[PDB]
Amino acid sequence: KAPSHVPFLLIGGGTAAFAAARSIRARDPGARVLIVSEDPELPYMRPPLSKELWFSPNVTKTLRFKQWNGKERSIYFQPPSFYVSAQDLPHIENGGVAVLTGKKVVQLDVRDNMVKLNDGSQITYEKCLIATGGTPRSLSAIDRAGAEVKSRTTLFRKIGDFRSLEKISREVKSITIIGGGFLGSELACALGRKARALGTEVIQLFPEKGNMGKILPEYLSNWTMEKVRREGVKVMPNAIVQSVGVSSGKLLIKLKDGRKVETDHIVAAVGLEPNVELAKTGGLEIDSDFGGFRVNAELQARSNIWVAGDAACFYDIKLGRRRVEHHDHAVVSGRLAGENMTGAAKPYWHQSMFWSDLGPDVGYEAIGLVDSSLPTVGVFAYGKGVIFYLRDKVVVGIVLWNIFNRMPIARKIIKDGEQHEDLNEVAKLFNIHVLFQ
């Protein structure tokens, strides 16, 4: 199936790879692009897997969802008709984009511009993108628990995880989410909606004082925790898991503070590990501070190799070295890498945003360096507001709380890098007419 040579080779079949393929085809008409994906699915977007796909009846099979406005669409970036087969990729007139599903790149040879797949086949390339993303982390307490505890613990990232968990929500009476970040909180609201209708139980526990405490200031994290609780979720903050075992057919979670939680299924949402296995054979540098492949401002690692998406630790000329795990960042960085694979030599400049919805009622957007450890200034009108994240009297990140269609304004504030004497006047740019943390 796989051709022996391809001009553009993209490793990984996710958001960053698809955005690069589209970018290569737009900037280089007639380009021949091969995506190698270890997953069996064609490229698809992940945000709906914890949101819109849960707020729909045949959705598990169709994988179509209604945006909050009402317009329906598919989770796949393009229908299969958009792609061509890998075998025919060298011969089709005006080229195309092919995906080799079910195949993993296991070896990378930078000197000879060659990769080896898990089935032994070898592919040479002229330009290559590493877009391998990451794999969910698991808790040490779950790893040492046993095969039964591990078989009843879900690490949520893929279409298969959505389907297996959606079925579980219709079979068991109690599901426990471990993790207070974006993913855990969105799954809590999603599973909580399903549980109100079926009369089941949803628990969310995490070590922080409130949901997304590592990201939002304490007061807003606490407000968010109460919103999640009003969705029918039992939220247990300040919870550190000591051990997990099976007791009377149920899962028993023992916390360090002495509390105990009985449940039927566990969903672990405790972060991501960048997929950097190819750095060994490839001789590529990994970043010990942020993880991931270390690349420069143009997302380049070596002469004919770029890295994009969750796996790329890059140099932001304005904000410094970073690694970002956002859907839009994978789109922006994948697109940029694609342009640089066709001669652009452009640095990461356009700042990608992220968003989170805890239902169709609570939503927030964000841009830049967003970290609750940074000094923050929040101007609210509760209901809505804007939180500025500061570094040396300069706004380096913004969180928009239930304020939409104003991300271009936030993007400009980060870019301009002004020293603002009155942030209440800057908040007026977001139609907000003050808390510190």
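Numbering starts at 1 and follows the sequence shown.
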**Message:** Does the chain run continuously from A381 to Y382, or are deposited residues unmodelled in between? Answer none, 1 to 3, 4 to 9, or 10 or more.
**Reply:** 10 or more
**Prompt:** Would you class the number of unmodelled deposited residues between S56 and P57 as none, 1 to 3, 4 to 9, or 10 or more?
**Reply:** 1 to 3
**Message:** Going by the mean C-alpha B-factor recorded in the entry, which is higher: 307 to 315 or 159 to 167?
**Reply:** 159 to 167
**Fill in**
With B-factors read from the PDB entry, the higher C-alpha mean of 15 to 23 and 412 to 420 is in 412 to 420
**Message:** So if I compare the CA B-factors in the entry for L255, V331, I178, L191, which one is the largest?
**Reply:** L255
**Complete:** Looking only at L108, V270, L251, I130, the Cα with the top B-factor belongs to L251
**Request:** Determine, from the deposited record, the chain-internal third of the Cα B-factor for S37: lowest, middle or highest.
**Result:** middle
**Asked** Can you tell me which third, lowest, middle or highest, the CA B-factor of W355 falls into for its chain?
**Response** middle
**Request:** Grab the CA temperature factor for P48 from the record and place it in the lowest, middle or highest third of its chain.
**Result:** lowest
**Message:** Ranking the modelled residues of this chain by C-alpha B-factor as given in the entry, is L429 in the lowest, middle or highest third?
**Reply:** middle
**Request:** Using the B-factors in the PDB entry, rank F206's C-alpha atom against the chain and give the third, lowest, middle or highest.
**Result:** lowest
